[PDB]
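We begin with a single chain expressed as structure tokens, specifically the form deposited in one PDB entry.
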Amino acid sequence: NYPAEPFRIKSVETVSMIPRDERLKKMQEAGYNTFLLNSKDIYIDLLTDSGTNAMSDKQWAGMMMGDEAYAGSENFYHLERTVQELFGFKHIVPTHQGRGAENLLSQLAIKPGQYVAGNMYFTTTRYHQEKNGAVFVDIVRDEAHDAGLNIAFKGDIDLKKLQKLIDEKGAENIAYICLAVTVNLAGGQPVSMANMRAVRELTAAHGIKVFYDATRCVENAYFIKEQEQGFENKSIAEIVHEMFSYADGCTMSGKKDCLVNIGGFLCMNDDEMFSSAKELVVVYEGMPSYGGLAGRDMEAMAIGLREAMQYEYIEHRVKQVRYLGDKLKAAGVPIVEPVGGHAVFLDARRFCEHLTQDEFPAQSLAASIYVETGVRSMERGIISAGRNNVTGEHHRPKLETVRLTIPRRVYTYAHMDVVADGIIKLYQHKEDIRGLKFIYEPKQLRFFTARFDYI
């Protein structure tokens, strides 16, 4: 069952419906790298769900009431009250987006040489942990690393790995546990409430802090409501509030589940850390009462976080992604399983099994998808993994995928059909997909500006 949109369209965004012949020329001008395409040339842009969301009429009304004062803006107090109400943390510091909050948390909470342990990781999060002297330890359950395994709550932390870390390194040498909801690297997999409570129980017995990476915590809450026994009578807001009751604080990218185009924040319960955070936020972001955001954006993020709590909104959000995954899977197209809250990942290793990884199957599949449909997707394979600059060899990741990342409230099921129909047609003659070779490769950030040609 797939629900209708629980909203209607207030205003539309103009697009170029250029045809296949012209899309091929645009793809070649981009050197077959979807990251180099111009937005104006893309029909359906599934590069990312970050910051690409459609706002409501209520949020746009809030955008006309930005109090742009440098200190003490009414919009900050609205955001503060909303986050305290819905997440339940004592203190909040706005940041311009998620990695701004990560920067502050890692400087406040890590002594060099300490460990940070988490359920897999995200690139910016782990960078700020490592930059401040932490050693990262993955404590996710082993199943999360099996991309074909169709089981619930795949993002759960293995409590035995956490106990083992505590026993081998000592609780005083662990800076914090970093629990992400959902788990992006596993394909957007949720964490169960039972897991969050067990982690809080164990860490609290040792005086260890837990901070959440909360960027898709509402998608996570929907999975708990749908699949965890005992939560069928709880509202999304009740589930969200209980989730954060098991944490000492969080970092949040509003660009994901708060339904905005920019914005984030840092939450914590400890007064002393809050005071230290306010001393640091002015260094990198702005005042404790704007944190690198215009007043109107704090307002839109306060309104959007509250909208995200509507059951029908988040049900439809997750089930629209599920629709895309279900349609591909029914045609035999290989995807990461189960489908996550925000994206479908194509398995390009299996999709293009006639290509070796050195011929960049995911990069080439993403280029084919755009030519055939006008859909942009993100390479998440060997190109994004980068090259080892000491040895000169590619980093070879186990996952060679194309990410179909779904912005919130932007597309319809008919757009999902454009994406799926086009991929299914490609799959039916997948052996015709050609390998790629570099014609320009920069030393760093190579996925952003590299250019290719066909082998």
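Counting begins at 1, following the sequence as shown. C-alpha atoms forming the largest set that superposes within 1.5 Å between two forms make up the rigid core.
What comes next is about the form deposited in another entry, which does not appear here.
In a core superposition between the shown form and the other one, the Cα of 382 is the only one among 382, 268, 355, 144 shifting by 2 Å or more.
Comparing the forms between the shown form and the other one on their rigid core, the Cα displacement of residue 37 stays under 2 Å. Superposed on the core, the two forms differ at residue 399: its CA moves 2 Å or more between the shown form and the other one.
Figure legend: C-alpha atoms of residue 31 and residue 384, shown here, are separated by at least 3 angstroms more in that other deposited form. Relative to what is shown, residue 31 and residue 385 are farther apart in that other deposited form; their C-alpha atoms differ in spacing by at least 3 Å.
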